[PDB]
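Student: Quick one: the structure is below, and I'll ask about it shortly.
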Amino acid sequence: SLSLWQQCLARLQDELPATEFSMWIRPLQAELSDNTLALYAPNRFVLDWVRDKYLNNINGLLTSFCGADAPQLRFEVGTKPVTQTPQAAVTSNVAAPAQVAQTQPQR
């Protein structure tokens with residue numbers, strides 16, 4: 001019924017008139033990990049900012065809710081990066097030893 005993010009928002013808007021959070025969260029995408037509220041922003045700037053105020057607020061609530069269950073928060077820039085490149089290699093080897101020959105008889 002209720003989601004961490006949602007609560008975090010209302011809590012921040014209820015704790016104080018600070019509506020800024022609504023600007024540094026609306027365009028962002030929060031992710032619940034059953035105990036970790038991540039935040040997806042278009043850049044790192046927003047993250048630092050949000051983690052500056054939002055964090056404090058959220059944390060206070062997480063503990064104020066239960067304390068022994070107070071989860072954590074995460075921050076990142078959009079979705080993870082992408083990878084895709086070729087691969088190859090080459091090797092070699094050369095050799096050609098020898099062995100002297102002699103008997104050296106006696107008398």
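Letters for chains follow the order of the structure tokens (A, B, ...), residue numbers begin at 1 for each chain, and ligand numbers begin at 1 in the order shown.
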List the spatial neighbours of range 54-62 of chain A as a PyMOL selection string - criterion: any atom at most 10 Å away, only C-alpha atoms, same-chain residues fewer than 2 positions off excluded.
Tutor: chain A and resi 4-5+7-9+11-13+15-16+20-22+24-25+35+37+47-52+64-74
Student: Those same residues - C-alpha atoms - I'd like them written as a PDB file, in the first residue's frame.
Tutor:
ATOM      1  CA  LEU A   4       9.367   4.042   1.041  1.00  0.00           C
ATOM      2  CA  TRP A   5       9.815   6.788  -1.551  1.00  0.00           C
ATOM      3  CA  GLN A   7       6.571   8.240   2.529  1.00  0.00           C
ATOM      4  CA  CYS A   8       9.969   9.925   2.245  1.00  0.00           C
ATOM      5  CA  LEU A   9       8.393  12.636   0.093  1.00  0.00           C
ATOM      6  CA  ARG A  11       7.634  13.171   5.344  1.00  0.00           C
ATOM      7  CA  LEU A  12       9.962  15.797   3.874  1.00  0.00           C
ATOM      8  CA  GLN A  13       7.016  17.980   2.862  1.00  0.00           C
ATOM      9  CA  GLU A  15       8.541  18.004   8.395  1.00  0.00           C
ATOM     10  CA  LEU A  16       9.089  21.384   6.737  1.00  0.00           C
ATOM     11  CA  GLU A  20      12.974  21.967  -2.988  1.00  0.00           C
ATOM     12  CA  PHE A  21      13.009  18.220  -2.336  1.00  0.00           C
ATOM     13  CA  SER A  22      10.073  18.015  -4.745  1.00  0.00           C
ATOM     14  CA  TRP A  24      15.360  17.263  -6.625  1.00  0.00           C
ATOM     15  CA  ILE A  25      13.272  14.089  -6.479  1.00  0.00           C
ATOM     16  CA  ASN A  35      15.896  -2.084   2.905  1.00  0.00           C
ATOM     17  CA  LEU A  37      16.081   3.436  -1.084  1.00  0.00           C
ATOM     18  CA  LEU A  47      22.759  13.156  -5.998  1.00  0.00           C
ATOM     19  CA  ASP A  48      25.122  15.164  -3.796  1.00  0.00           C
ATOM     20  CA  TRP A  49      22.406  17.763  -3.218  1.00  0.00           C
ATOM     21  CA  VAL A  50      19.635  15.270  -2.461  1.00  0.00           C
ATOM     22  CA  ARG A  51      21.955  13.260  -0.217  1.00  0.00           C
ATOM     23  CA  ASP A  52      22.624  16.564   1.547  1.00  0.00           C
ATOM     24  CA  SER A  64      11.815   7.269  13.710  1.00  0.00           C
ATOM     25  CA  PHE A  65       9.661   4.570  12.113  1.00  0.00           C
ATOM     26  CA  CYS A  66      11.235   1.550  13.806  1.00  0.00           C
ATOM     27  CA  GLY A  67      14.922   2.169  14.439  1.00  0.00           C
ATOM     28  CA  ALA A  68      16.136  -1.427  14.411  1.00  0.00           C
ATOM     29  CA  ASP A  69      14.843  -1.703  10.844  1.00  0.00           C
ATOM     30  CA  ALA A  70      15.779   1.764   9.590  1.00  0.00           C
ATOM     31  CA  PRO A  71      17.058   0.960   6.074  1.00  0.00           C
ATOM     32  CA  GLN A  72      19.553   2.966   4.021  1.00  0.00           C
ATOM     33  CA  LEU A  73      19.575   5.144   0.902  1.00  0.00           C
ATOM     34  CA  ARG A  74      21.463   4.987  -2.397  1.00  0.00           C
TER      35      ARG A  74
END
Student: Please return as an MDAnalysis selection string: the residues of chain A that backbone DSSP assigns to helix (DSSP H, G or I).
Tutor: chainID A and resid 4:15 20:23 44:52 54:65
Student: Output as a PyMOL selection string all residues of chain A that backbone DSSP marks as strand (DSSP E).
Tutor: chain A and resi 29-32+36-41+72-73+76-77
